[PDB]
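**Student:** This is the content of target.cif (mmCIF, C-alpha atoms):
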```
data_work
#
loop_
_atom_site.label_atom_id
_atom_site.label_comp_id
_atom_site.auth_asym_id
_atom_site.auth_seq_id
_atom_site.Cartn_x
_atom_site.Cartn_y
_atom_site.Cartn_z
CA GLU A 3 13.11 18.94 -42.96
CA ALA A 4 10.61 16.10 -43.10
CA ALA A 5 12.48 14.37 -45.95
CA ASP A 6 15.64 14.16 -43.83
CA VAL A 7 13.89 12.67 -40.81
CA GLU A 8 12.48 9.93 -43.02
CA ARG A 9 15.70 9.74 -45.08
CA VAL A 10 17.87 8.83 -42.08
CA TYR A 11 15.33 6.28 -40.91
CA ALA A 12 15.05 4.89 -44.44
CA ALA A 13 18.84 4.52 -44.44
CA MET A 14 18.56 3.29 -40.85
CA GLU A 15 16.40 0.31 -41.81
CA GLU A 16 18.71 -0.44 -44.74
CA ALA A 17 21.73 -0.93 -42.49
CA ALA A 18 19.87 -2.86 -39.76
CA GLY A 19 18.56 -5.15 -42.49
CA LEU A 20 22.04 -6.14 -43.73
CA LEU A 21 22.50 -7.73 -40.29
CA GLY A 22 19.05 -9.30 -40.26
CA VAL A 23 17.81 -7.06 -37.44
CA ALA A 24 14.32 -5.56 -37.29
CA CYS A 25 13.92 -1.93 -36.32
CA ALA A 26 11.26 -0.76 -33.86
CA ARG A 27 9.86 2.52 -35.20
CA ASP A 28 7.99 2.84 -31.88
CA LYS A 29 11.27 3.56 -30.05
CA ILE A 30 13.33 5.17 -32.82
CA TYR A 31 11.39 7.99 -34.47
CA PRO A 32 10.33 10.14 -31.45
CA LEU A 33 13.98 10.77 -30.60
CA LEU A 34 14.81 11.34 -34.28
CA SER A 35 12.18 14.05 -34.83
CA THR A 36 13.01 15.69 -31.50
CA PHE A 37 16.49 16.46 -32.90
CA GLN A 38 15.59 17.15 -36.55
CA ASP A 39 17.00 20.70 -36.61
CA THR A 40 20.37 19.00 -36.19
CA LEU A 41 19.67 16.54 -39.03
CA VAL A 42 20.24 19.13 -41.75
CA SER A 46 25.54 16.95 -37.84
CA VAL A 47 27.13 13.52 -37.32
CA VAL A 48 24.97 10.39 -37.62
CA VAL A 49 26.63 6.99 -37.18
CA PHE A 50 25.51 3.35 -37.64
CA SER A 51 27.38 0.83 -35.47
CA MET A 52 27.13 -2.98 -35.23
CA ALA A 53 28.48 -5.63 -32.87
CA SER A 54 29.74 -9.19 -33.25
CA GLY A 55 29.14 -12.41 -31.35
CA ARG A 56 26.03 -12.71 -29.20
CA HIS A 57 25.67 -9.01 -29.99
CA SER A 58 25.43 -9.57 -33.76
CA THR A 59 21.73 -8.86 -33.20
CA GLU A 60 22.38 -5.35 -31.86
CA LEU A 61 22.93 -2.00 -33.60
CA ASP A 62 23.62 1.51 -32.28
CA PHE A 63 22.99 4.85 -33.96
CA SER A 64 24.91 7.92 -32.78
CA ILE A 65 23.71 11.46 -33.48
CA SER A 66 25.64 14.67 -32.82
CA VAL A 67 24.02 17.58 -30.99
CA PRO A 68 26.01 20.85 -30.76
CA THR A 69 26.48 22.21 -27.25
CA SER A 70 24.35 25.26 -28.07
CA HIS A 71 21.28 22.97 -28.13
CA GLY A 72 21.65 22.36 -24.40
CA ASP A 73 21.94 19.11 -22.50
CA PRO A 74 20.69 16.44 -24.94
CA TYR A 75 19.86 13.91 -22.21
CA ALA A 76 17.76 16.51 -20.37
CA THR A 77 15.66 16.86 -23.52
CA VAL A 78 14.59 13.21 -23.76
CA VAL A 79 13.71 12.86 -20.06
CA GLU A 80 11.60 16.01 -19.79
CA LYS A 81 10.07 15.17 -23.20
CA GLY A 82 9.25 11.71 -21.81
CA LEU A 83 11.47 9.72 -24.18
CA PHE A 84 13.50 8.11 -21.35
CA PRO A 85 12.70 8.04 -17.62
CA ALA A 86 15.25 9.25 -15.09
CA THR A 87 16.75 6.34 -13.17
CA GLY A 88 17.40 8.35 -9.99
CA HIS A 89 21.06 7.30 -10.19
CA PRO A 90 24.21 9.47 -10.50
CA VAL A 91 24.31 8.81 -14.26
CA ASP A 92 21.30 11.13 -14.64
CA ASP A 93 23.34 14.19 -13.65
CA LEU A 94 26.73 13.24 -15.14
CA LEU A 95 26.22 14.87 -18.54
CA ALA A 96 25.45 18.29 -17.06
CA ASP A 97 28.33 18.02 -14.56
CA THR A 98 30.88 17.57 -17.35
CA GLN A 99 29.64 20.64 -19.21
CA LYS A 100 29.44 22.31 -15.80
CA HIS A 101 33.04 21.38 -14.91
CA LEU A 102 34.70 21.27 -18.33
CA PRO A 103 34.61 22.92 -21.75
CA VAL A 104 32.35 20.63 -23.77
CA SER A 105 32.46 21.53 -27.45
CA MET A 106 29.84 19.05 -28.75
CA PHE A 107 27.32 16.42 -27.63
CA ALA A 108 25.90 13.26 -29.14
CA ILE A 109 22.98 10.93 -28.50
CA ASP A 110 22.69 7.20 -29.18
CA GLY A 111 20.01 4.54 -29.26
CA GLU A 112 19.43 0.90 -30.13
CA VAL A 113 17.03 -0.12 -32.90
CA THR A 114 14.94 -2.44 -30.69
CA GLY A 115 15.31 -0.83 -27.24
CA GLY A 116 15.47 2.86 -28.10
CA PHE A 117 17.57 5.54 -26.45
CA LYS A 118 20.48 4.26 -24.36
CA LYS A 119 23.50 6.61 -24.16
CA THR A 120 24.87 10.11 -24.75
CA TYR A 121 28.33 11.47 -25.46
CA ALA A 122 30.50 14.23 -24.04
CA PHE A 123 33.02 15.49 -26.62
CA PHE A 124 36.10 17.53 -25.71
CA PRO A 125 38.04 20.04 -27.83
CA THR A 126 41.00 18.72 -29.81
CA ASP A 127 43.06 21.62 -28.40
CA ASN A 128 42.07 20.95 -24.77
CA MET A 129 41.71 17.24 -23.99
CA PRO A 130 41.46 16.46 -20.25
CA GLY A 131 43.30 14.02 -18.04
CA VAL A 132 41.84 11.61 -15.50
CA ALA A 133 42.54 14.08 -12.69
CA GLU A 134 40.24 16.72 -14.18
CA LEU A 135 37.59 14.08 -14.92
CA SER A 136 37.76 12.68 -11.39
CA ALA A 137 36.85 16.11 -9.98
CA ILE A 138 33.29 15.73 -11.41
CA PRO A 139 30.96 15.14 -8.44
CA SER A 140 28.69 12.79 -10.40
CA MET A 141 31.59 10.85 -11.95
CA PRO A 142 31.98 7.26 -10.69
CA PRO A 143 34.38 6.85 -7.78
CA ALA A 144 36.08 4.16 -9.88
CA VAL A 145 37.47 6.83 -12.22
CA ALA A 146 39.71 8.15 -9.45
CA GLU A 147 40.21 4.67 -8.00
CA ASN A 148 41.72 3.73 -11.39
CA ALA A 149 43.85 6.89 -11.83
CA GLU A 150 47.12 5.13 -10.97
CA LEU A 151 46.48 2.15 -13.24
CA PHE A 152 45.65 4.49 -16.14
CA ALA A 153 48.89 6.42 -15.67
CA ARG A 154 51.05 3.30 -15.36
CA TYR A 155 49.88 2.38 -18.89
CA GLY A 156 49.91 5.89 -20.38
CA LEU A 157 46.14 6.47 -20.38
CA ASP A 158 45.90 10.22 -19.85
CA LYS A 159 44.28 12.58 -22.36
CA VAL A 160 40.61 11.77 -22.85
CA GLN A 161 39.14 12.44 -26.29
CA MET A 162 35.53 12.10 -25.13
CA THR A 163 33.26 10.19 -22.76
CA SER A 164 30.01 8.27 -23.03
CA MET A 165 27.39 7.49 -20.39
CA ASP A 166 25.52 4.19 -20.68
CA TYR A 167 22.23 4.98 -18.93
CA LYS A 168 20.63 1.53 -19.09
CA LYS A 169 23.77 -0.05 -17.59
CA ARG A 170 24.87 3.05 -15.60
CA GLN A 171 28.31 2.95 -17.19
CA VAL A 172 30.85 5.51 -18.39
CA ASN A 173 33.35 5.15 -21.22
CA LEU A 174 36.55 7.21 -21.18
CA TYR A 175 37.94 7.39 -24.71
CA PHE A 176 41.70 7.72 -24.20
CA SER A 177 43.85 9.37 -26.87
CA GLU A 178 47.36 10.70 -27.47
CA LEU A 179 48.51 7.17 -26.71
CA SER A 180 52.25 6.56 -26.58
CA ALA A 181 53.65 3.99 -29.01
CA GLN A 182 54.89 1.99 -26.00
CA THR A 183 51.35 1.79 -24.58
CA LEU A 184 50.03 -0.21 -27.56
CA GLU A 185 52.84 -2.80 -27.67
CA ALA A 186 52.12 -6.49 -27.26
CA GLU A 187 53.79 -6.69 -23.85
CA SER A 188 51.84 -3.79 -22.33
CA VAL A 189 48.55 -4.78 -23.96
CA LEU A 190 48.97 -8.22 -22.40
CA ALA A 191 49.79 -6.85 -18.93
CA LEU A 192 46.97 -4.29 -19.04
CA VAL A 193 44.30 -6.83 -19.95
CA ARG A 194 45.61 -9.38 -17.45
CA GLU A 195 45.74 -6.97 -14.52
CA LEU A 196 42.13 -6.03 -15.27
CA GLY A 197 40.90 -9.63 -15.65
CA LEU A 198 39.62 -9.42 -19.24
CA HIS A 199 39.81 -11.71 -22.26
CA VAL A 200 43.36 -12.01 -23.61
CA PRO A 201 43.67 -11.22 -27.34
CA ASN A 202 45.78 -13.29 -29.70
CA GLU A 203 48.33 -12.40 -32.39
CA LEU A 204 45.68 -10.73 -34.52
CA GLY A 205 44.09 -8.81 -31.66
CA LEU A 206 47.47 -7.46 -30.58
CA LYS A 207 48.33 -6.62 -34.19
CA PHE A 208 44.98 -4.79 -34.35
CA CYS A 209 45.61 -2.87 -31.11
CA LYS A 210 49.01 -1.75 -32.45
CA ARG A 211 47.04 0.31 -34.99
CA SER A 212 44.71 1.75 -32.34
CA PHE A 213 44.11 5.48 -32.08
CA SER A 214 41.98 5.11 -28.96
CA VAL A 215 41.49 2.73 -26.03
CA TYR A 216 38.40 3.11 -23.85
CA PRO A 217 37.68 1.29 -20.58
CA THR A 218 34.19 0.85 -19.17
CA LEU A 219 33.46 1.78 -15.56
CA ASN A 220 30.31 1.69 -13.42
CA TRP A 221 29.23 3.07 -10.05
CA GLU A 222 29.06 -0.15 -8.01
CA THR A 223 32.73 -1.19 -7.81
CA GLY A 224 36.19 -0.14 -8.91
CA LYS A 225 36.26 -2.95 -11.47
CA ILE A 226 36.58 -1.96 -15.10
CA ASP A 227 33.88 -4.02 -16.77
CA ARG A 228 35.51 -4.12 -20.20
CA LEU A 229 37.99 -2.19 -22.32
CA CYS A 230 37.90 -1.49 -26.02
CA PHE A 231 40.50 -0.69 -28.65
CA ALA A 232 39.33 1.47 -31.54
CA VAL A 233 40.97 1.66 -34.96
CA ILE A 234 40.09 4.24 -37.62
CA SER A 235 40.62 3.43 -41.29
CA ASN A 236 38.99 3.35 -44.70
CA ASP A 237 39.98 -0.28 -45.21
CA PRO A 238 36.79 -2.40 -44.91
CA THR A 239 38.65 -5.66 -44.15
CA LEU A 240 40.38 -4.83 -40.84
CA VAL A 241 38.07 -6.67 -38.45
CA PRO A 242 40.34 -8.48 -35.92
CA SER A 243 38.73 -11.91 -36.27
CA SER A 244 39.77 -15.03 -38.17
CA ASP A 245 36.33 -16.66 -37.87
CA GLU A 246 35.00 -16.61 -41.44
CA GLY A 247 31.53 -15.38 -40.44
CA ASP A 248 32.82 -12.15 -38.87
CA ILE A 249 35.42 -11.50 -41.59
CA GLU A 250 32.42 -11.80 -43.91
CA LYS A 251 29.71 -10.12 -41.81
CA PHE A 252 31.85 -7.07 -41.04
CA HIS A 253 33.22 -6.56 -44.55
CA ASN A 254 29.68 -6.97 -45.89
CA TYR A 255 28.44 -4.22 -43.56
CA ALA A 256 31.47 -2.03 -44.28
CA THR A 257 30.97 -2.06 -48.06
CA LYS A 258 27.15 -1.86 -48.21
CA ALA A 259 26.54 0.65 -45.40
CA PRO A 260 24.51 3.58 -46.77
CA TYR A 261 26.23 6.96 -46.67
CA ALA A 262 25.22 10.50 -47.56
CA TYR A 263 28.57 12.12 -48.42
CA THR A 269 34.75 5.65 -43.43
CA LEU A 270 35.26 3.09 -40.65
CA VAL A 271 36.01 2.95 -36.92
CA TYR A 272 36.55 -0.60 -35.71
CA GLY A 273 36.15 -1.86 -32.20
CA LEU A 274 38.06 -4.48 -30.23
CA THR A 275 36.26 -4.96 -26.93
CA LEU A 276 37.67 -7.40 -24.37
CA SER A 277 35.36 -8.55 -21.62
CA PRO A 278 35.79 -11.00 -18.72
CA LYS A 279 33.98 -13.83 -20.52
CA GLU A 280 34.29 -13.46 -24.30
CA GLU A 281 35.63 -11.27 -27.14
CA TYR A 282 33.48 -9.29 -29.59
CA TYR A 283 34.09 -6.61 -32.23
CA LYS A 284 32.32 -3.40 -33.25
CA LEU A 285 32.21 -1.35 -36.44
CA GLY A 286 30.69 2.11 -36.82
CA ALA A 287 29.68 3.17 -40.32
CA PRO A 288 28.92 6.89 -40.54
CA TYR A 289 26.19 8.64 -42.50
CA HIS A 290 27.62 12.17 -42.19
#
```
Re-express the file's structure as structure tokens.

**Tutor:**
Amino acid sequence: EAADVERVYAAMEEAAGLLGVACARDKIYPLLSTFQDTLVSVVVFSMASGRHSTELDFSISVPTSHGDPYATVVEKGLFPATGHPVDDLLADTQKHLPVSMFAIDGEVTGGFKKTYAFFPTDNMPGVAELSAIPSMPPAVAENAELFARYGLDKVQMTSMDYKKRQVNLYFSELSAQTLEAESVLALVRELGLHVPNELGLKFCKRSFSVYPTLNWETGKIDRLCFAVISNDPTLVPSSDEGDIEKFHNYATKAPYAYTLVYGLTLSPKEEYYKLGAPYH
């Protein structure tokens, strides 16, 4: 449908406005039309805090029957192949594992950036199965022991950041021990990331997923995020009035067709939050 393809972009500008961000139709629409048979499907609008408060992602589901979604945009000329192992990763997962669904993501000013590999709820993998993937970063195996020591095993999904050449491993079936203040503190400190405070640790206690960020150059996890799912629009883990305001504003005025997933990302240098508002 032609109404849909405009409808999502009409709703897409509405959300990006609420943050005071300008969209770039030049880099957004070609990917949107390319997947319009799906837009008839999960479409998500996600924001970031801090020095990233000027950045917005949109995630779009693509069933596995449609084929490799990243292969579409390269051959169709929507994103050039980097010549780096991240090109081939998406196929290798579907090659090596039962992938039940895909997703694609972009940024409103830069265009396409990442894709997703979703796994079945009744067959989530561990880090051993993931590490077998030839195009997977070496760091995924090189971190296998650390993951286990903290209870990071079943992986709900992965994402591949193609501009940064980075993989996210969305860990699930987390033990209640894993999320406790003590362990959260030790995990972050061993990995050399920003230490959260009382609120951050109270936020992580609610987490349903924790996802580290790995790249191909070293074994260092670049950052690690805690995700919390809820309907409550006031759960952002910040006490700085602007974010408590900015995020609740977005949460309550985000356009929707027919829900929140918060993000607590801890980096080496600073601490920023994310909030994905879905359309479908």

**Student:** Would you kindly return, as a ChimeraX atom specification, each protein, DNA or RNA residue with an atom no farther than 9 Å from any atom of residue 164 in chain A, considering only C-alpha atoms and excluding same-chain residues fewer than 5 positions away?

**Tutor:** /A:95,108,119-123,171-175

**Student:** Select, from A:10, A:219, A:240, A:209, the residue with the minimum atom-to-atom distance to residue 169 in chain A, counting all atoms listed in the file.

**Tutor:**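 Ranked by minimum distance to residue 169 in chain A, first place goes to A:219.
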
**Student:** Interatomic distance between CA of residue 9 in chain A and CA of residue 286 in chain A?

**Tutor:**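 Computed distance, CA of residue 9 in chain A to CA of residue 286 in chain A, equals 18.7 Å.
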
**Student:** Mind pulling up the distance from CA of residue 245 in chain A to CA of residue 21 in chain A?

**Tutor:**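 Separation between CA of residue 21 in chain A and CA of residue 245 in chain A: 16.6 Å.
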
**Student:** For the file shown, what are the residues hit by the PyMOL selection byres ((chain A and resi 75-80) around 10), laid out as a PyMOL selection string?

**Tutor:** chain A and resi 32-33+36-37+71-74+81-87+92-96+107-109+117-121+167

**Student:** Starting from the displayed file, determine the output of the PyMOL selection byres ((chain A and resi 178-188) around 9) and express the residue list as an mmCIF file with C-alpha atoms, in the frame of the given file.

**Tutor:**
```cif
data_model
loop_
_atom_site.group_PDB
_atom_site.id
_atom_site.type_symbol
_atom_site.label_atom_id
_atom_site.label_comp_id
_atom_site.auth_asym_id
_atom_site.auth_seq_id
_atom_site.Cartn_x
_atom_site.Cartn_y
_atom_site.Cartn_z
ATOM 1 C CA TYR A 155 49.880 2.380 -18.890
ATOM 2 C CA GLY A 156 49.910 5.890 -20.380
ATOM 3 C CA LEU A 157 46.140 6.470 -20.380
ATOM 4 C CA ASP A 158 45.900 10.220 -19.850
ATOM 5 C CA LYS A 159 44.280 12.580 -22.360
ATOM 6 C CA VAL A 160 40.610 11.770 -22.850
ATOM 7 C CA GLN A 161 39.140 12.440 -26.290
ATOM 8 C CA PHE A 176 41.700 7.720 -24.200
ATOM 9 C CA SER A 177 43.850 9.370 -26.870
ATOM 10 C CA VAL A 189 48.550 -4.780 -23.960
ATOM 11 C CA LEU A 190 48.970 -8.220 -22.400
ATOM 12 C CA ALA A 191 49.790 -6.850 -18.930
ATOM 13 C CA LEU A 192 46.970 -4.290 -19.040
ATOM 14 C CA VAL A 193 44.300 -6.830 -19.950
ATOM 15 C CA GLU A 203 48.330 -12.400 -32.390
ATOM 16 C CA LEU A 206 47.470 -7.460 -30.580
ATOM 17 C CA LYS A 207 48.330 -6.620 -34.190
ATOM 18 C CA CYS A 209 45.610 -2.870 -31.110
ATOM 19 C CA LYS A 210 49.010 -1.750 -32.450
ATOM 20 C CA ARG A 211 47.040 0.310 -34.990
ATOM 21 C CA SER A 212 44.710 1.750 -32.340
ATOM 22 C CA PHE A 213 44.110 5.480 -32.080
ATOM 23 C CA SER A 214 41.980 5.110 -28.960
ATOM 24 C CA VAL A 215 41.490 2.730 -26.030
#
```

**Student:** Rounded to one decimal place, report the CA of residue 55 in chain A-CA of residue 198 in chain A distance in Å.

**Tutor:**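 Taking CA of residue 55 in chain A and CA of residue 198 in chain A, their separation equals 16.3 Å.
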
**Student:** From the options A:103, A:116, A:111, A:278, which residue's atoms come nearest to residue 128 in chain A, counting all atoms listed in the file?

**Tutor:**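 Ranked by minimum distance to residue 128 in chain A, first place goes to A:103.
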
**Student:** Could you give me, as an mmCIF file with C-alpha atoms, in the coordinates of the input, the residues that have an atom at most 8 Å away from the point (12.4, -0.7, -28.1) in the coordinates of the file, using all atoms listed in the file?

**Tutor:**
```
data_model
loop_
_atom_site.group_PDB
_atom_site.id
_atom_site.type_symbol
_atom_site.label_atom_id
_atom_site.label_comp_id
_atom_site.auth_asym_id
_atom_site.auth_seq_id
_atom_site.Cartn_x
_atom_site.Cartn_y
_atom_site.Cartn_z
ATOM 1 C CA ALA A 26 11.260 -0.760 -33.860
ATOM 2 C CA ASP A 28 7.990 2.840 -31.880
ATOM 3 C CA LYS A 29 11.270 3.560 -30.050
ATOM 4 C CA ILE A 30 13.330 5.170 -32.820
ATOM 5 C CA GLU A 112 19.430 0.900 -30.130
ATOM 6 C CA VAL A 113 17.030 -0.120 -32.900
ATOM 7 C CA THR A 114 14.940 -2.440 -30.690
ATOM 8 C CA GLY A 115 15.310 -0.830 -27.240
ATOM 9 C CA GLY A 116 15.470 2.860 -28.100
#
```

**Student:** Out of A:162, A:5, A:274, A:144, which residue has the shortest atom-to-atom distance to residue 221 in chain A when counting all atoms listed in the file?

**Tutor:**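 Distance minimum relative to residue 221 in chain A lands on A:144.
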
**Student:** Using all atoms of range 248-260 of chain A listed in the file and a margin of 3 Å per side, can you give the axis-aligned box centre and edge lengths in Å to one decimal, as JSON?

**Tutor:**
```
{"center_x": 30.0, "center_y": -4.3, "center_z": -43.5, "size_x": 16.9, "size_y": 21.7, "size_z": 15.3}
```

**Student:** Give the answer as one residue: which of A:4, A:102, A:153, A:261 has the shortest atom-to-atom distance to residue 129 in chain A, using only C-alpha atoms?

**Tutor:** A:102

**Student:** If we count all atoms listed in the file, what is near residue 12 in chain A at a cut-off of 12 Å, once residues fewer than 5 positions away on the same chain are taken out, given as a PyMOL selection string?

**Tutor:** chain A and resi 5-7+17-19+25+27+30-31+260-261+289

**Student:** Produce a file of the selected residues containing C-alpha atoms, as an mmCIF file, in the coordinates of the input.

**Tutor:**
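New file result.cif:
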```
data_model
loop_
_atom_site.group_PDB
_atom_site.id
_atom_site.type_symbol
_atom_site.label_atom_id
_atom_site.label_comp_id
_atom_site.auth_asym_id
_atom_site.auth_seq_id
_atom_site.Cartn_x
_atom_site.Cartn_y
_atom_site.Cartn_z
ATOM 1 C CA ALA A 5 12.480 14.370 -45.950
ATOM 2 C CA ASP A 6 15.640 14.160 -43.830
ATOM 3 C CA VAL A 7 13.890 12.670 -40.810
ATOM 4 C CA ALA A 17 21.730 -0.930 -42.490
ATOM 5 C CA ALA A 18 19.870 -2.860 -39.760
ATOM 6 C CA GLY A 19 18.560 -5.150 -42.490
ATOM 7 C CA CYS A 25 13.920 -1.930 -36.320
ATOM 8 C CA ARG A 27 9.860 2.520 -35.200
ATOM 9 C CA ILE A 30 13.330 5.170 -32.820
ATOM 10 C CA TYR A 31 11.390 7.990 -34.470
ATOM 11 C CA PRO A 260 24.510 3.580 -46.770
ATOM 12 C CA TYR A 261 26.230 6.960 -46.670
ATOM 13 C CA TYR A 289 26.190 8.640 -42.500
#
```

**Student:** Show me the residues around (29.3, 16.3, -34.4) - criterion: an atom at most 6 Å away, only C-alpha atoms counted - as JSON, numbers by chain.

**Tutor:** {"A": [46, 47, 66]}

**Student:** Hey, what comes out of the PyMOL selection byres ((chain A and resi 49) around 6) on this file? Could you write it as a tab-separated table (two decimals) with C-alpha atoms, keeping the file's coordinate frame?

**Tutor:**
```tsv
chain	number	residue	atom	x	y	z
A	48	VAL	CA	24.97	10.39	-37.62
A	50	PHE	CA	25.51	3.35	-37.64
A	63	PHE	CA	22.99	4.85	-33.96
A	64	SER	CA	24.91	7.92	-32.78
A	287	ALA	CA	29.68	3.17	-40.32
A	288	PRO	CA	28.92	6.89	-40.54
A	289	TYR	CA	26.19	8.64	-42.50
```

**Student:** Taking into account all atoms listed in the file, which residue in the set A:24, A:256, A:233, A:138 is nearest to residue 275 in chain A?

**Tutor:**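 Of A:24, A:256, A:233, A:138, the one nearest residue 275 in chain A, counting all atoms listed in the file, is A:233.
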
**Student:** When distances are computed from only C-alpha atoms, which of A:14, A:99, A:38, A:135 shows the smallest separation from residue 61 in chain A?

**Tutor:**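 Among A:14, A:99, A:38, A:135, it is A:14 that comes nearest to residue 61 in chain A.
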
**Student:** Do you know which residues are at most 10 Å from range 146-148 of chain A counting only C-alpha atoms, after dropping those on the same chain fewer than 4 positions away, and could you put them as a list in words?

**Tutor:**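 Here the qualifying residues turn out to be residues 132, 133, 134, 135, 136, 137, 141, 142, 152, 153, 219, 223, 224, 225 and 226 of chain A.
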
**Student:** Complete the atoms of range 243-272 of chain A to N, CA and C atoms and put them out as a PDB file, in the coordinates of the input.

**Tutor:**
```pdb
ATOM      1  N   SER A 243      39.176 -10.534 -36.480  1.00  0.00           N
ATOM      2  CA  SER A 243      38.730 -11.910 -36.270  1.00  0.00           C
ATOM      3  C   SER A 243      39.163 -12.766 -37.450  1.00  0.00           C
ATOM      4  N   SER A 244      39.444 -14.033 -37.157  1.00  0.00           N
ATOM      5  CA  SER A 244      39.770 -15.030 -38.170  1.00  0.00           C
ATOM      6  C   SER A 244      38.621 -15.994 -38.405  1.00  0.00           C
ATOM      7  N   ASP A 245      37.531 -15.860 -37.653  1.00  0.00           N
ATOM      8  CA  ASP A 245      36.330 -16.660 -37.870  1.00  0.00           C
ATOM      9  C   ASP A 245      35.610 -16.148 -39.117  1.00  0.00           C
ATOM     10  N   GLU A 246      35.466 -17.019 -40.120  1.00  0.00           N
ATOM     11  CA  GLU A 246      35.000 -16.610 -41.440  1.00  0.00           C
ATOM     12  C   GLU A 246      33.721 -15.771 -41.394  1.00  0.00           C
ATOM     13  N   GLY A 247      32.789 -16.119 -40.506  1.00  0.00           N
ATOM     14  CA  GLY A 247      31.530 -15.380 -40.440  1.00  0.00           C
ATOM     15  C   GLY A 247      31.709 -13.898 -40.167  1.00  0.00           C
ATOM     16  N   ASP A 248      32.587 -13.555 -39.221  1.00  0.00           N
ATOM     17  CA  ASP A 248      32.820 -12.150 -38.870  1.00  0.00           C
ATOM     18  C   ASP A 248      33.620 -11.433 -39.949  1.00  0.00           C
ATOM     19  N   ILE A 249      34.674 -12.075 -40.471  1.00  0.00           N
ATOM     20  CA  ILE A 249      35.420 -11.500 -41.590  1.00  0.00           C
ATOM     21  C   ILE A 249      34.456 -11.168 -42.715  1.00  0.00           C
ATOM     22  N   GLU A 250      33.454 -12.025 -42.906  1.00  0.00           N
ATOM     23  CA  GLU A 250      32.420 -11.800 -43.910  1.00  0.00           C
ATOM     24  C   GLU A 250      31.406 -10.765 -43.440  1.00  0.00           C
ATOM     25  N   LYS A 251      30.771 -11.010 -42.289  1.00  0.00           N
ATOM     26  CA  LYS A 251      29.710 -10.120 -41.810  1.00  0.00           C
ATOM     27  C   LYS A 251      30.178  -8.677 -41.731  1.00  0.00           C
ATOM     28  N   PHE A 252      31.385  -8.446 -41.213  1.00  0.00           N
ATOM     29  CA  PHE A 252      31.850  -7.070 -41.040  1.00  0.00           C
ATOM     30  C   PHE A 252      32.240  -6.427 -42.364  1.00  0.00           C
ATOM     31  N   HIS A 253      32.924  -7.153 -43.249  1.00  0.00           N
ATOM     32  CA  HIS A 253      33.220  -6.560 -44.550  1.00  0.00           C
ATOM     33  C   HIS A 253      31.945  -6.314 -45.350  1.00  0.00           C
ATOM     34  N   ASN A 254      30.960  -7.204 -45.232  1.00  0.00           N
ATOM     35  CA  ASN A 254      29.680  -6.970 -45.890  1.00  0.00           C
ATOM     36  C   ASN A 254      29.092  -5.636 -45.432  1.00  0.00           C
ATOM     37  N   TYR A 255      28.961  -5.460 -44.116  1.00  0.00           N
ATOM     38  CA  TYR A 255      28.440  -4.220 -43.560  1.00  0.00           C
ATOM     39  C   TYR A 255      29.267  -3.022 -44.016  1.00  0.00           C
ATOM     40  N   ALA A 256      30.591  -3.161 -43.990  1.00  0.00           N
ATOM     41  CA  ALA A 256      31.470  -2.030 -44.280  1.00  0.00           C
ATOM     42  C   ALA A 256      31.304  -1.529 -45.712  1.00  0.00           C
ATOM     43  N   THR A 257      31.022  -2.424 -46.653  1.00  0.00           N
ATOM     44  CA  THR A 257      30.970  -2.060 -48.060  1.00  0.00           C
ATOM     45  C   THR A 257      29.572  -1.725 -48.550  1.00  0.00           C
ATOM     46  N   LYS A 258      28.531  -2.142 -47.831  1.00  0.00           N
ATOM     47  CA  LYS A 258      27.150  -1.860 -48.210  1.00  0.00           C
ATOM     48  C   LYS A 258      26.454  -0.900 -47.254  1.00  0.00           C
ATOM     49  N   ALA A 259      27.173  -0.299 -46.315  1.00  0.00           N
ATOM     50  CA  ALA A 259      26.540   0.650 -45.400  1.00  0.00           C
ATOM     51  C   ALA A 259      26.151   1.906 -46.171  1.00  0.00           C
ATOM     52  N   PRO A 260      24.904   2.358 -46.073  1.00  0.00           N
ATOM     53  CA  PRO A 260      24.510   3.580 -46.770  1.00  0.00           C
ATOM     54  C   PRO A 260      25.194   4.804 -46.182  1.00  0.00           C
ATOM     55  N   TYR A 261      25.499   5.764 -47.052  1.00  0.00           N
ATOM     56  CA  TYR A 261      26.230   6.960 -46.670  1.00  0.00           C
ATOM     57  C   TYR A 261      25.713   8.139 -47.486  1.00  0.00           C
ATOM     58  N   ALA A 262      25.674   9.311 -46.855  1.00  0.00           N
ATOM     59  CA  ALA A 262      25.220  10.500 -47.560  1.00  0.00           C
ATOM     60  C   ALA A 262      26.343  11.134 -48.379  1.00  0.00           C
ATOM     61  N   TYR A 263      27.465  11.440 -47.739  1.00  0.00           N
ATOM     62  CA  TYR A 263      28.570  12.120 -48.420  1.00  0.00           C
ATOM     63  C   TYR A 263      29.260  11.164 -49.400  1.00  0.00           C
ATOM     64  N   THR A 269      33.991   5.316 -44.633  1.00  0.00           N
ATOM     65  CA  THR A 269      34.750   5.650 -43.430  1.00  0.00           C
ATOM     66  C   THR A 269      34.449   4.631 -42.324  1.00  0.00           C
ATOM     67  N   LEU A 270      35.477   4.128 -41.641  1.00  0.00           N
ATOM     68  CA  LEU A 270      35.260   3.090 -40.650  1.00  0.00           C
ATOM     69  C   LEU A 270      35.990   3.386 -39.350  1.00  0.00           C
ATOM     70  N   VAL A 271      35.390   2.951 -38.244  1.00  0.00           N
ATOM     71  CA  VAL A 271      36.010   2.950 -36.920  1.00  0.00           C
ATOM     72  C   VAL A 271      35.708   1.594 -36.311  1.00  0.00           C
ATOM     73  N   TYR A 272      36.730   0.754 -36.197  1.00  0.00           N
ATOM     74  CA  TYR A 272      36.550  -0.600 -35.710  1.00  0.00           C
ATOM     75  C   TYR A 272      36.610  -0.632 -34.196  1.00  0.00           C
TER      76      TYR A 272
END
```
